[PDB]
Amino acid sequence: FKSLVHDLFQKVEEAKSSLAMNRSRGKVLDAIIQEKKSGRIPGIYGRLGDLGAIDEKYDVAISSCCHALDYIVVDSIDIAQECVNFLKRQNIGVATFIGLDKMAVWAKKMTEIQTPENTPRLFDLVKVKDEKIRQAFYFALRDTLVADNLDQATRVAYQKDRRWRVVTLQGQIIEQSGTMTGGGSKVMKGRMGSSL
């Protein structure tokens, strides 16, 4: 019963935290986009998730396993530093920035591969226009596999000759490190820019 009471504290706290963090993220992004529109800070693109599209079937999967969808793509770490200074000086909030010039290391690393139980590689499911942005998505997703369920995930992650990163259609994750993620009723979704 005290566990019942604290369960309710916890749920209330989660709702508060989600609300606050979602507003803060939106506030930070809008501030950054105003600096781009005004031209006060050159070299800003926008959040990575707005630059790709994916089949709705995989909405929960990529939303759950790709934090980088909320990273803000900019030309370089130099521009990232100008943005971070801006956020600090006007006491706006925090964001993570991708230096797009650093993404070029992946240029020849993206070719399709054989996968365990012929599972889809999430990166291949993302539709992108620009090849530099495609490189950024590979940075973000690498060789993440999509599994149908947690059993298949555990099979493809742990049981092969090699470790693989895998997300389930329900948004559970097994990392190459060995960690396992899931639990709760809350579903992450809608973090990609469209469903082309």
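Position 1 is the first residue in the sequence shown; the rest follow in order.
Legend: mean Cα B-factor per stretch from the PDB entry, 46-54 versus 126-134; the higher mean is in 126-134. Higher mean CA B-factor, judged across 178-186 and 7-15 from the recorded values: 7-15. Sorting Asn85, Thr96, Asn91, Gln114 by the CA temperature factor given in the entry leaves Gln114 at the top. Going by the entry's values, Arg155 shows the largest Cα B-factor out of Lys27, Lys36, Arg142, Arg155.
Split the chain's modelled residues into thirds by C-alpha temperature factor. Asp148 is in the middle one.
For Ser63, the recorded CA B-factor ranks within the lowest third of the chain. Only modelled residues enter the ranking.
Annotation for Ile77: C-alpha temperature factor in the middle third relative to the rest of the modelled chain, per the entry. In this PDB entry, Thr168 carries a Cα temperature factor that places it within the lowest third of its chain's modelled residues.
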